[PDB]
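S.K.: The structure under discussion is supplied below as structure tokens; questions concerning it will follow.
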Amino acid sequence: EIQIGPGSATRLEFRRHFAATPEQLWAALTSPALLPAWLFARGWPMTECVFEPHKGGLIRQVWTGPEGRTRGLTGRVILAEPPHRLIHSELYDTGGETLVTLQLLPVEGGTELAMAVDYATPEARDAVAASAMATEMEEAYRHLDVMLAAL
């Protein structure tokens, strides 16, 4: 299951195993047609998804909850080495602009996803540690597990 890493005063780390070849996991983590099918929280399906996994690429995501209100984020792909590494910035609407790092290394069983998020300040890293973000992000991986298996 999902392991919290040590990180630092402005950095959060996560690691998770996935039963699939990194080539499949990368397609899941970067495709606009597959991301909506797993990366969402309870009652907030992904309604808009623009993802371009190449330097300078645009990232635009929007979730719509019950009642109609939205929540979204924009970011830019800084670099992309399929399938082992991807770096992009993220900015919702908060904390401040964040830099997210995804590293995919083959492990026995399938693939291990190492993720890191560098925050603006150490207090921005604060407000976020107090968010069911870790929780929601495991609920999402669980979704991803079911999708990989159904494939």
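In the structure tokens, each chain is lettered A, B, ... as it comes, each chain's residues begin at 1, and ligands are numbered from 1 in order of appearance.
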Applying 12 Å and only C-alpha atoms, which residues near residue 101 of chain A remain after dropping the ones on its own chain fewer than 6 positions away? List them as a PyMOL selection string.

M.R.: chain A and resi 11-15+77-81+84-90+113-119

S.K.: Once you have the residues from the selection above, write them out as an mmCIF file, in the first residue's frame, restricted to N, CA and C atoms.

M.R.:
data_model
loop_
_atom_site.group_PDB
_atom_site.id
_atom_site.type_symbol
_atom_site.label_atom_id
_atom_site.label_comp_id
_atom_site.auth_asym_id
_atom_site.auth_seq_id
_atom_site.Cartn_x
_atom_site.Cartn_y
_atom_site.Cartn_z
ATOM 1 N N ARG A 11 8.695 19.632 1.504
ATOM 2 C CA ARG A 11 8.614 18.554 0.523
ATOM 3 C C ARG A 11 7.858 17.332 1.048
ATOM 4 N N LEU A 12 6.937 16.796 0.246
ATOM 5 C CA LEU A 12 6.174 15.608 0.637
ATOM 6 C C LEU A 12 6.481 14.480 -0.324
ATOM 7 N N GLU A 13 6.701 13.292 0.223
ATOM 8 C CA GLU A 13 7.039 12.138 -0.593
ATOM 9 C C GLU A 13 6.040 11.000 -0.425
ATOM 10 N N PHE A 14 5.822 10.244 -1.496
ATOM 11 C CA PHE A 14 4.892 9.116 -1.472
ATOM 12 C C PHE A 14 5.439 8.047 -2.409
ATOM 13 N N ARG A 15 5.115 6.794 -2.120
ATOM 14 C CA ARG A 15 5.554 5.670 -2.935
ATOM 15 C C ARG A 15 4.436 4.641 -2.933
ATOM 16 N N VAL A 77 4.199 21.112 -18.041
ATOM 17 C CA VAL A 77 5.156 20.023 -17.972
ATOM 18 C C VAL A 77 6.552 20.655 -18.141
ATOM 19 N N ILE A 78 7.453 20.423 -17.182
ATOM 20 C CA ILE A 78 8.820 20.965 -17.223
ATOM 21 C C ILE A 78 9.753 20.047 -17.992
ATOM 22 N N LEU A 79 9.552 18.746 -17.839
ATOM 23 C CA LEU A 79 10.359 17.768 -18.551
ATOM 24 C C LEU A 79 9.671 16.408 -18.528
ATOM 25 N N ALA A 80 9.902 15.608 -19.569
ATOM 26 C CA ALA A 80 9.271 14.294 -19.672
ATOM 27 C C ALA A 80 10.125 13.234 -20.370
ATOM 28 N N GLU A 81 10.519 12.230 -19.592
ATOM 29 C CA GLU A 81 11.327 11.121 -20.078
ATOM 30 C C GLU A 81 10.531 9.802 -20.015
ATOM 31 N N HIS A 84 9.962 6.888 -17.237
ATOM 32 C CA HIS A 84 10.443 6.897 -15.861
ATOM 33 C C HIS A 84 10.369 8.205 -15.108
ATOM 34 N N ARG A 85 10.193 9.302 -15.820
ATOM 35 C CA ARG A 85 10.168 10.572 -15.123
ATOM 36 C C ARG A 85 9.327 11.642 -15.785
ATOM 37 N N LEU A 86 8.656 12.434 -14.961
ATOM 38 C CA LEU A 86 7.832 13.537 -15.446
ATOM 39 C C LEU A 86 7.801 14.571 -14.342
ATOM 40 N N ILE A 87 7.935 15.826 -14.736
ATOM 41 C CA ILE A 87 7.937 16.917 -13.783
ATOM 42 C C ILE A 87 7.041 18.015 -14.330
ATOM 43 N N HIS A 88 6.148 18.507 -13.485
ATOM 44 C CA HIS A 88 5.281 19.583 -13.907
ATOM 45 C C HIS A 88 4.961 20.429 -12.713
ATOM 46 N N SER A 89 4.465 21.620 -12.982
ATOM 47 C CA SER A 89 4.089 22.511 -11.910
ATOM 48 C C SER A 89 2.584 22.313 -11.744
ATOM 49 N N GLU A 90 2.050 22.676 -10.583
ATOM 50 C CA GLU A 90 0.620 22.573 -10.340
ATOM 51 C C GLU A 90 0.209 23.816 -9.584
ATOM 52 N N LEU A 113 5.689 3.642 -8.033
ATOM 53 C CA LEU A 113 5.558 5.056 -8.355
ATOM 54 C C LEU A 113 6.038 5.887 -7.190
ATOM 55 N N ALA A 114 7.097 6.653 -7.428
ATOM 56 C CA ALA A 114 7.644 7.540 -6.412
ATOM 57 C C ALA A 114 7.195 8.945 -6.808
ATOM 58 N N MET A 115 6.522 9.625 -5.883
ATOM 59 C CA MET A 115 6.024 10.963 -6.130
ATOM 60 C C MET A 115 6.474 11.937 -5.055
ATOM 61 N N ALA A 116 6.846 13.141 -5.480
ATOM 62 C CA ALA A 116 7.294 14.188 -4.568
ATOM 63 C C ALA A 116 6.672 15.521 -4.967
ATOM 64 N N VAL A 117 6.321 16.317 -3.963
ATOM 65 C CA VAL A 117 5.714 17.610 -4.205
ATOM 66 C C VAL A 117 6.491 18.639 -3.406
ATOM 67 N N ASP A 118 7.112 19.594 -4.098
ATOM 68 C CA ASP A 118 7.861 20.639 -3.417
ATOM 69 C C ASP A 118 6.920 21.822 -3.305
ATOM 70 N N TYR A 119 6.779 22.346 -2.095
ATOM 71 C CA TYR A 119 5.901 23.477 -1.815
ATOM 72 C C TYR A 119 6.642 24.809 -1.711
#

S.K.: As an exercise, work out the distance from atom CA of residue 106 of chain A to atom CA of residue 28 of chain A in Å and give it to one decimal place.

M.R.: 15.6 Å

S.K.: Tell me, as a ChimeraX atom specification, which residues lie within 9 Å of residue 145 of chain A, counting only C-alpha atoms; anything in the same chain fewer than 3 positions away does not count.

M.R.: /A:18-19,38,140-142,148-150

S.K.: Give me, as an NGL selection string, all polymer residues having an atom no more than 10 Å from residue 69 of chain A, counting only C-alpha atoms and skipping those fewer than 5 positions away in the same chain.

M.R.: :A and (44 or 63-64)

S.K.: Produce a table with one row for each residue of segment 17-48 of chain A that has an atom at most 12 Å from any atom of segment 131-135 of chain A, each row naming the nearest atom pair and its distance in Å at one decimal; use only C-alpha atoms; arrange rows by chain and rising residue number; format as a tab-separated table.

M.R.:
residue	atom	partner	partner_atom	distance
A:40	CA	A:133	CA	11.5
A:41	CA	A:135	CA	9.8
A:42	CA	A:135	CA	11.4

S.K.: Write a file of the just-selected residues containing N, CA, C and O atoms, as an mmCIF file, in the first residue's frame.

M.R.:
data_model
loop_
_atom_site.group_PDB
_atom_site.id
_atom_site.type_symbol
_atom_site.label_atom_id
_atom_site.label_comp_id
_atom_site.auth_asym_id
_atom_site.auth_seq_id
_atom_site.Cartn_x
_atom_site.Cartn_y
_atom_site.Cartn_z
ATOM 1 N N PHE A 40 -9.896 10.884 -9.331
ATOM 2 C CA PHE A 40 -11.012 11.704 -8.892
ATOM 3 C C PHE A 40 -11.364 11.301 -7.466
ATOM 4 O O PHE A 40 -11.014 10.208 -7.024
ATOM 5 N N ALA A 41 -12.034 12.188 -6.736
ATOM 6 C CA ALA A 41 -12.438 11.858 -5.372
ATOM 7 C C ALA A 41 -13.937 11.550 -5.370
ATOM 8 O O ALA A 41 -14.622 11.749 -6.377
ATOM 9 N N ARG A 42 -14.431 11.064 -4.236
ATOM 10 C CA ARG A 42 -15.839 10.702 -4.059
ATOM 11 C C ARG A 42 -16.803 11.869 -4.336
ATOM 12 O O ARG A 42 -16.823 12.872 -3.607
#
